[PDB]
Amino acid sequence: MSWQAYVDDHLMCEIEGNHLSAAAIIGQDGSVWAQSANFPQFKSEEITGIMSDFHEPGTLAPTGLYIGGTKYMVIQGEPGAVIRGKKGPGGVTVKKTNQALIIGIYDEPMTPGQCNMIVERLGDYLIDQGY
C-alpha cells in the first residue's frame, strides 16, 4: 500500500453513491503523506491549532477550525480522537491516528455521516496498523 492508494481508493471512493470533495493523510507535524487533487495547502498555525484541540478538547471551537484558510464551525466530535466542522451544506472530518491525521472534506449532496464514516473507519484501521 502507498499512501496515495489509501487516499485514492479508500478515501476518495464512493460511499452510498457520494464522494468526498477532497481528502488527505497528513503527519501531525504537517508533512503531507498523500492528498487528493483539490485538497488545500495548510496555512501556518492550522495544524498546530488542530493538534492543540486534540490535546485539550474545546480549544478550537471559540475561534473556529481553519483548513486552507477556510473557516469551519466546530460541531460535536470525539474528545482527543475526532474533530468535525461544518460550513453551510459542506464540512470536514479530522480523525487522529497515533502520528497522522485523516481528513475528508465534503459538500452536498454528501452527508456529514458519510464523511464521518469514510474518514473515521480508515483512521481506525490505520491505528490498528500502528499508524
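We number the residues from 1 along the sequence you see.
When 39 to 47 is weighed against 70 to 78, 39 to 47 comes out higher, by mean CA B-factor as recorded in the entry.
As the entry records it, the average C-alpha temperature factor is higher for 57 to 65, out of 30 to 38 and 57 to 65. When the modelled residues of the chain are ordered by their C-alpha B factor, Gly91 lands in the middle third. Sorting the modelled residues of the chain by their CA temperature factor places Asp9 in the middle third. In the deposited entry, the Cα temperature factor of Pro112 places it in the middle third of its chain's modelled residues.
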